[PDB]
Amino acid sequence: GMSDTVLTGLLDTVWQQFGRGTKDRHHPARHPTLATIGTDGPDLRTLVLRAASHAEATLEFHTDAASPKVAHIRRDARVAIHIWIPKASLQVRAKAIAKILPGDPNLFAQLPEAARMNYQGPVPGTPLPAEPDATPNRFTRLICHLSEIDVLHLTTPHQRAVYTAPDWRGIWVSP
């Protein structure tokens, strides 16, 4: 139960679950919570998971360049990502560096009008009424390069493992 194979298997399962978030609108990994260091303490919010790569150790989100979270990352790129997956009895906590890249205008062109329109409205969080900004370039990628995965497995008894770059081997820790 404690073997290296089990640890490896548990990490593979975590990445499998991220993968399901990219494929299934109804899975909890569809909607991870991203924390940033904000202007007066930590801040967090839901995003849609767009892509995941176990090999590259990345998770990808899309966001509005004009939004506060992007300003937070510009000043401090250190982020954390969380999912609670109760049907699988798994909590996943990840530490990452968030990198900001331009969005794919081919994807932007495929977005529904409402989504397209929302990237070109007021700055998110601005008190209404407010002026819009028709800049399609607001469409932005957040590529989160994971450095740590802490996974709690709420079986009997609880088990918890932590995996850290660069080794990513995994160690059992006390819940």
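For every residue, the number given is its place in the sequence shown, counted from 1.
If you average the C-alpha B-factors over 134-142 and over 27-35, the higher value belongs to 134-142. The deposited model assigns a higher average Cα B-factor to 104-112 than to the other stretch when 104-112 and 41-49 are compared. By the numbers in the PDB entry, the CA B factor is greatest at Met117 among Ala66, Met117, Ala57, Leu128.
Remark: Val173 belongs to the middle third of its chain, ranked by C-alpha B-factor as recorded. Sort the modelled residues of the chain by CA B factor and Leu7 lands in the middle third. Among the modelled residues of the chain, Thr164 sits in the lowest third by CA temperature factor in this PDB entry. In the deposited entry, the Cα temperature factor of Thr156 places it in the highest third of its chain's modelled residues.
In the PDB entry, a CA B factor belonging to the middle third of its chain's modelled residues is recorded for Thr13.
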